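Every chain is numbered from 1, with letters handed out A, B, ... down the list of sequences. Hydrogens, waters and symmetry mates are skipped; everything else that's a heavy atom, side chains included, is used.
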Amino acid sequence: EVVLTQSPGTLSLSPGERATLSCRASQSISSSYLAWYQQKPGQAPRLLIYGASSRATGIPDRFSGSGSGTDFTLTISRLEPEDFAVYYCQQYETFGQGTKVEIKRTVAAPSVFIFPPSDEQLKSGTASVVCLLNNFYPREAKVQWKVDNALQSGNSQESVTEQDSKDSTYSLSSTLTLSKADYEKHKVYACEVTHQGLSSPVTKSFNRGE
Amino acid sequence: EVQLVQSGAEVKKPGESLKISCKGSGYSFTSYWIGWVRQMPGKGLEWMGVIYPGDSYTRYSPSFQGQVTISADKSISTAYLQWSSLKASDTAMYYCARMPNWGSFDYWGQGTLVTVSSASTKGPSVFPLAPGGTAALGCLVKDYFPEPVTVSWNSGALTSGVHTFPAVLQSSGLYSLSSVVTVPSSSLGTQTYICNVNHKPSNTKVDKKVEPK
């Protein structure tokens, strides 16, 4: 069956700029069946373009669709703040994997915070250590957990907020989960952070029972 | 005036059967197809299948053939999507959409959230995340089911610098979430900071004062 490959995965642009989204088919398809959808977080997808070039009802004229054969393009002439969302192309029973149109802003290095597990939690038998990476741009961030002098793996879960509607940054929370017994046999708890905004990586740590 | 109204949120156990619905209005229901689209958490869109309610013609995409049953009752302008035996991997948002004969989805339903899990309703445990120039404090909202939880700071009076993170599903099958706030370091003596956690499925409303130490 037909594969629609979308490029790039993420497009970082500023409001007012022109956006060019690509949708490439694994084989030559009819332009009469190529559709584009827009989707914002927490919302249903909405049809933008159908038959490669036709806007749906009420879609503003800044949106345009083109291409034929294997190459299809979605153009947004001058990005408005409401245009920052995910875009999918579709043909027959297939969808492209989506392109996120993201706000490009001034590079912002993260402010880093580490939180020890509360005494209330420790009574239960589990220790959750939390690392906060606050108000950074771009989204690409690496968090490395270190217990004494050993880099952790498979015992942390991570979650990222949506691009801030006020400052255009992201925040990321990582949680390192240990048993009371594992937590209690170690001293130094560190969260090492790497990001484009930083000249060298940043570490925030605490000594257990201090 | 065209609208597609889907049935309510579903919390189910693996192995249970399920039938979800999509009612059309404001147009001729028997003149258009109805598509079903799956969107797994943090994932893209998947075309499951289509039905022409006018004559009950149904087509499933290869990955959905024999996995799900699509049907319609034209006397009540309703189309259905059903599973004979749910799996945890069926946890997703499911959209129905109207499809004219040219193959695009011109009108979408609001979506139905289907959560499939072994777990039972459990209220969260709320733990303090205790504290240059900026101090960060928060609340860890751990081990609850099902989603969602809402978090506010100081009964809604504190909104700036607040980040309530997307919940994460632990290996236990329980959700965990954090809510943090950025405050000037100078305010840690003059100000009280309370996170108000609410998990409606278990009727839990917890207020936790977050103190440095």
Side-chain angles (χ1 to χ4, degrees), chain A residues 1 6 32-37 39 41-51 54 56-57 86 88 90-98 111-122 124 126 128 130 132 134-135 156-162 164 166 169-175 177, chain B residues 2 4 6 35 37 39 43-50 59-64 93 95 97 100 102-111 125-138 140 142-143 160-161 163-171 176-180 182 208:
Chain A
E1 44 179 327
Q6 283 187 262
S32 286
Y33 306 113
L34 199 283
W36 291 94
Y37 302 90
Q39 190 188 27
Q43 284 174 10
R46 127 200 233 221
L47 175 73
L48 292 175
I49 272 94
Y50 63 94
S54 299
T57 304
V86 174
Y88 294 95
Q90 182 258 330
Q91 178 87 11
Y92 318 127
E93 310 183 325
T94 172
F95 287 101
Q97 82 297 348
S111 297
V112 185
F113 307 89
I114 194 170
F115 303 96
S118 59
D119 290 316
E120 197 206 320
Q121 193 188 11
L122 290 163
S124 322
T126 312
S128 297
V130 176
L132 172 64
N134 212 221
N135 310 330
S156 65
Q157 284 180 291
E158 204 179 84
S159 139
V160 191
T161 59
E162 277 307 301
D164 199 82
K166 289 168 161 286
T169 66
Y170 294 92
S171 300
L172 179 155
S173 175
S174 184
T175 300
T177 301
Chain B
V2 171
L4 293 175
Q6 293 192 240
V37 177
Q39 179 170 53
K43 306 291 166 180
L45 308 173
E46 287 167 286
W47 196 107
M48 297 174 83
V50 297
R59 162 73 203 172
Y60 303 90
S61 67
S63 40
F64 290 94
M93 180 62 75
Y95 294 107
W102 57 90
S104 74
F105 293 120
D106 68 352
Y107 283 97
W108 295 71
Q110 85 281 15
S125 270
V126 187
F127 302 120
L129 292 168
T134 259
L137 48 107
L140 170 73
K142 207 195 155 66
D143 299 328
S160 72
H163 299 301
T164 301
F165 290 89
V168 76
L169 222 194
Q170 307 168 105
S171 54
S176 191
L177 172 152
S178 71
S179 190
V180 300
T182 267
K208 227 264 163 273

Inset, instruction - Would you please test B/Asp143 and B/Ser125 for side chain to side chain contact (heavy atoms under 4.5 Å, CB included) and show each step? - result: CA-CA 6 Å; B/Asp143 299 328; B/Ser125 270; 5.7 Å; no
Inset, instruction - Could you tell me the separation between the CZ atom of A/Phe95 and the CZ atom of B/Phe105, rounded to the nearest 0.5 Å? - result: 5.5 Å
Legend entry - Polar side-chain atom of A/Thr161 near backbone of A/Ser171 as donor-acceptor pair, under 3.5 Å: yes
Legend entry - Side chain, backbone, both or neither of B/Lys142 within contact of chain A (heavy atoms, under 4.5 Å): side chain
Inset, instruction - Mind ranking B/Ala136, B/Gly44, B/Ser104 by heavy-atom pairs under 4.5 Å with chain A and telling me who comes out on top? - result: B/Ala136
Legend entry - B/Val2 versus chain A, the contacting section by heavy-atom distance below 4.5 Å: neither
Legend entry - Per-residue contact mode, B/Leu169 against chain A (heavy atom under 4.5 angstrom): backbone
Legend entry - Contact leader toward chain A among B/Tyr95, B/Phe127, B/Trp102, where contacts are heavy-atom pairs under 4.5 Å: B/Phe127
Inset, instruction - From the options A/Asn135, A/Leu172, A/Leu132, select the one residue that forms a side chain to side chain contact (heavy atoms under 4.5 Å, CB included) with B/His163. - result: A/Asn135
Legend entry - Which atoms of A/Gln90 approach chain B - backbone, side chain, both or neither, heavy atom under 4.5 Å: side chain
Inset, instruction - Return the option, out of A/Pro41, A/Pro45, A/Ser32, with the maximum number of heavy-atom pairs under 4.5 Å with chain B. - result: A/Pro45
Legend entry - Under 4.5 Å from any heavy atom of chain B - which part of A/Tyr92: backbone
Inset, instruction - Could you tell me whether the side chains of A/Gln157 and B/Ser176 share a donor-acceptor contact shorter than 3.5 Å? - result: no
Inset, instruction - Please work out which of the three classes, parallel, tilted or perpendicular, describes the rings of A/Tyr37 and B/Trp108, given edges at 30° and 60°. - result: perpendicular
Inset, instruction - Could you tell me which portion of A/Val86 (side chain, backbone, both or neither) has an atom closer than 4.5 angstrom to a non-hydrogen atom of chain B? - result: neither
Inset, instruction - Counting only heavy atoms closer than 4.5 Å, note whether A/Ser111 contacts chain B via side chain, backbone, both or neither. - result: neither
Legend entry - Donor-acceptor contact present, side-chain A/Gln97 to main-chain A/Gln6, <3.5 Å: yes
Legend entry - Which portion of B/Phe64 sits near chain A, non-hydrogen atoms under 4.5 angstrom: neither
Inset, instruction - Could you check which of B/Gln39, B/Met48, B/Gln110 has the highest count of heavy-atom pairs closer than 4.5 Å to chain A? - result: B/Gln39
Inset, instruction - Against chain B, label A/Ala35 side chain, backbone, both or neither, depending on which of its atoms sit under 4.5 Å from a heavy atom there. - result: side chain
Legend entry - Side chain / backbone / both / neither for A/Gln91 at chain B, heavy atoms under 4.5 Å: neither
Legend entry - Segment of B/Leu45 engaging chain A (4.5 angstrom heavy-atom cut-off): both
Legend entry - Which atoms of A/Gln43 approach chain B - backbone, side chain, both or neither, heavy atom under 4.5 Å: backbone
Legend entry - Least distance between heavy atoms, B/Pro128 atom then A/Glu120 atom: CD-OE1, 4.5 Å
Legend entry - From A/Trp36 atom CH2 to A/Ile49 atom CD1, the distance as rounded to the nearest 0.5 Å: 9.0 Å
Inset, instruction - Against chain A, label B/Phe165 side chain, backbone, both or neither, depending on which of its atoms sit under 4.5 Å from a heavy atom there. - result: both
Inset, instruction - Check A/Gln39 against A/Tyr88 and note the closest heavy-atom contact, atom names and distance. - result: OE1-CE1, 3.7 Å
Inset, instruction - Flag the pair B/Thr182 / A/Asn134 as yes when at least one side-chain heavy-atom distance between them is below 4.5 Å, and no otherwise. - result: yes
